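Student:
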Amino acid sequence: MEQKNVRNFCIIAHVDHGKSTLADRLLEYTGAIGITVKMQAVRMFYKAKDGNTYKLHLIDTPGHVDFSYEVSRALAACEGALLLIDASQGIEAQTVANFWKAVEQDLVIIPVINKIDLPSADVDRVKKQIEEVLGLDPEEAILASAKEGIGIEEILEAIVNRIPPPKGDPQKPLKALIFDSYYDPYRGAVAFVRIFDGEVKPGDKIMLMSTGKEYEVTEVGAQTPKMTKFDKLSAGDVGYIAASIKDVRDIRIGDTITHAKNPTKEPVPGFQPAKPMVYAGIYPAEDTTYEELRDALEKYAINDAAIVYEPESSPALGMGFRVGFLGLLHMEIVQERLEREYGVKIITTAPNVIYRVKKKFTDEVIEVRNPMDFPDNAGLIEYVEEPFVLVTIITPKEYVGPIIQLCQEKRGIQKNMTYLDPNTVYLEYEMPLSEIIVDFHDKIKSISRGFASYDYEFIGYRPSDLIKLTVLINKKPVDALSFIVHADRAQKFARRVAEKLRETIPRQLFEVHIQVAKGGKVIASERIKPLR
Ligand SMILES: Nc1nc2c(ncn2[C@@H]2O[C@H](COP(=O)(O)OP(=O)(O)NP(=O)(O)O)[C@@H](O)[C@H]2O)c(=O)[nH]1
Ligand SMILES: [Mg+2]
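Just so we're aligned: the sequence shown equals residues 1 to 33, 53 to 551 in PDB author numbering.
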């Protein structure tokens, strides 16, 4: 055979623990060394100690909770996972979250303790966490230093020896999982796939199972590390497929590729279309025009299958777009790329979640993605529901108090509390996503001096006493500033907002009066004295 000598794995680790550095050592070690494609579906050849040469496929994985779905699809493409832990940090929020996603996909997990070179490295501690928190055999852990290439070979041997080979039938109908993708100006929309059953080759007539759309394969291969064309990809392989595909939304992550003529029985399970959770209005800033902004968004969207947006207008700001993102990082990523890659200046509103509103006289509940569209008439509202998430937090004991007070301030309900070790606390909180996206990240970071980490997962919608607040400047209402808040938190948010603009607005002549109203009732006033 030969598929018996294949190894499909990924690296999962909390941000900064050394994922990239380690992947570099692996490629370097194995020899794997402008129309430049992101690292993905990298094929490597490794001659093990047992004398045999193995074909290893490194699947790159997202690291932020925003790309959780994408992360799970990549894990579904592997047989194993290298769980990288910083020896000087120990297990953190994403370490645990990823570990469980790996477990959920029945992956063989190889814990790798990185940064053993650091003076602050504490292996015995980390080994202790691995056993008590993860339930893994401390002795299975591999000690390494990706910075100094220490333990690389040991990792490659663990991959060969502990991770089982792919199991599929190349003679069966094609069945390939799409775990990633990107837009290639020449090849078109290309999908990075894991082949479970069958084979695929140029000229083949393929079909996407979620849509039933068909294409003719023009090229297949993998990164070696450069995009290299192969004659085919067979059961067990990881690579890419080009087939004159218009855009990345035609080859959605998690979808299944099969043959149009002889389609596989069922698609790989777990497909889910992209699901925006956080929206914000984006308007041109400075000299940048609406056209340039729209042009930039169109060009950007080509390479992003999750983003959505639609024209939006505000009296003050004018013409802009209501954009939906997977989360705060996704939003940040998009902003930086519009300004840095298309060089447009933008003004972004405070982000907001999607509310479900039930109004009298309207049978179906409405999804509100823009606060401006939240009904102005409170009496017409029967109820409002907002998304909630389960937040997991890991922090040194010393900061538990301030953190608990923060979560509670943000309407969090504690569900669990455990000790990862004598000085490390684990916390689980059910919190509204709307509270988490305002300033939770920086507050939790400053109070923990950056030592606390957190992760979260959507757990559903729940009714809440939410209301719409409007912001007025010189009796002039700025709909772009209207926002949704819980009735009990309204007063504080109002003050913060007013006090925020009191500084954000440039001191000038005519006194500017900032008011935050609650259905016509001013509940926060802030005015900046006229110049002179
Ligand atoms: N001392 C030491 N530093 C290391 C080691 N591995 C990585 N680093 C350092 O840690 C920093 C972050 O490493 P990197 O590999 O980028 O982390 P990551 O997990 O890929 N981060 P992200 O998910 O954001 O891409 C870099 O400054 C890098 O040089 C190691 O074994 N020892
Ligand atoms: Mg990295």
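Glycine included, every Cβ here is placed at the ideal spot set by N, Cα and C.
Examine ligand 2 and report whether any of its heavy atoms sits within less than 7 Å of the Cβ of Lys19.
Tutor: yes
Student: Is DSSP giving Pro421 helix, strand or coil here?
Tutor: It is helical.
Student: Buried or exposed: which applies to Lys540, given that a residue is buried once 16 or more other Cβ atoms fall within 10 Å of its Cβ?
Tutor: exposed
Student: Whose C-beta lies closer than 6 Å to the C-beta of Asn117 among residues of the same chain, with five residues either side of it excluded?
Tutor: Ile12
Student: Could you give the distance in angstroms between the alpha-carbon of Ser20 and the alpha-carbon of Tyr438?
Tutor: Straight through space, the alpha carbons of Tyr438 and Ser20 are spaced by roughly 30 Å.
Student: Would the stretch 284–295 count as touching the stretch 85–94 if we require 3 or more Cβ pairs under 8 Å?
Tutor: yes
Student: Mind checking which residues open and close the beta strand (DSSP E) that includes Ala208?
Tutor: Per DSSP, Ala208 is one residue of the beta strand (DSSP E) stretching across 207–216.
Student: For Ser501, I'd like the list of residues in its chain whose CB is within less than 7 Å of its CB, leaving aside the five on either flank, ordered along the chain.
Tutor: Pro390, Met391, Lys487, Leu488, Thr489, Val490
Student: Who are the Cβ neighbours of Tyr402 in its own chain at under 7 Å, not counting the five residues just before and after it?
Tutor: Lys377, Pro482
Student: Is the beta carbon of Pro295 closer than 8 Å to that of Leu345?
Tutor: yes
Student: For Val61, list the residues DSSP reports as bridge partners.
Tutor: BP columns for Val61 point to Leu77, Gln242.
Student: Mind checking which residues open and close the alpha helix (DSSP H) that includes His349?
Tutor: 347–360
Student: Leaving out five residues before and five after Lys251 in sequence, what residues of the same chain have Cβ atoms less than 7 Å from its Cβ?
Tutor: Result list for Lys251: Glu218, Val219, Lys220, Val239, in chain order.
Student: Would you list, in sequence order, the uninterrupted alpha helix (DSSP H) runs of no fewer than 4 residues that lie entirely inside the stretch 130–216?
Tutor: 142–148, 171–181
Student: Do you know how far the Cα of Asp256 is from the Cα of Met228?
Tutor: Rounded to the nearest whole angstrom, the C-alpha separation of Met228 and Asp256 is 20 Å.
Student: Please give the ranges of any alpha helix (DSSP H) in the stretch 81–113, keeping only runs that are unbroken, at least 4 residues long and fully inside the region.
Tutor: Segments of the alpha helix (DSSP H) lying fully in the stretch 81–113: 87–95.
Student: Could you compute how far the alpha carbon of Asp269 sits from the alpha carbon of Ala543?
Tutor: 49 Å
Student: Rank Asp143, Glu518, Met226, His76 by C-alpha distance to the C-alpha of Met58 and give the top, closest one.
Tutor: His76
Student: Name the DSSP beta bridge partners of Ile432, please?
Tutor: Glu449
Student: Please give the ranges of any beta strand (DSSP E) in the stretch 438–515, keeping only runs that are unbroken, at least 3 residues long and fully inside the region.
Tutor: The stretch 438–515 is shown to contain whole beta strand (DSSP E) runs of 3 or more residues at 443–451, 472–482, 485–492, 502–505, in chain order.
Student: Does the beta-carbon of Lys120 have 16 or more other beta-carbons within 10 angstroms, so that it is buried, or is it exposed?
Tutor: buried
Student: Taking the alpha-carbon positions, what's the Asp79 to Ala100 distance?
Tutor: 11 Å
Student: Report the rounded CA-to-CA distance for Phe198 versus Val267, giving the unit in angstroms.
Tutor: 12 Å
Student: For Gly70, tell me which candidate among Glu176, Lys464, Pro303 has the shortest Cα-Cα distance.
Tutor: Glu176
Student: Determine which residues share a DSSP beta bridge with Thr72 and list them.
Tutor: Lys66
Student: Quick one: does the C-beta of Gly170 sit closer than 7 Å to a heavy atom of ligand 1?
Tutor: no
Student: Note down the Cα distance separating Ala163 from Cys426, rounded to an integer number of angstroms.
Tutor: 36 Å
Student: Give the straight-line distance between the Cα atoms of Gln527 and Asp141, rounded to the nearest whole angstrom.
Tutor: In this structure, the alpha-carbon of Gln527 lies about 56 Å from that of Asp141.
Student: Got a sec: does ligand 1 put a non-hydrogen atom nearer than 7 Å to the Cβ of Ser465?
Tutor: no
Student: Grab the span of the alpha helix (DSSP H) containing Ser20 for me, first residue to last.
Tutor: 19–30
Student: If contacts are defined as beta-carbon pairs under 8 Å, then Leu196 and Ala96 qualify, I think. What distance do you get, rounded to the angstrom?
Tutor: 6 Å
Student: By DSSP, does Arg341 sit in helix, in strand, or in coil?
Tutor: Three-state DSSP puts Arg341 in a strand.
Student: Can you have a look at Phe529 and say buried or exposed, based on whether 16 or more other CB atoms are within 10 angstroms of its CB?
Tutor: exposed
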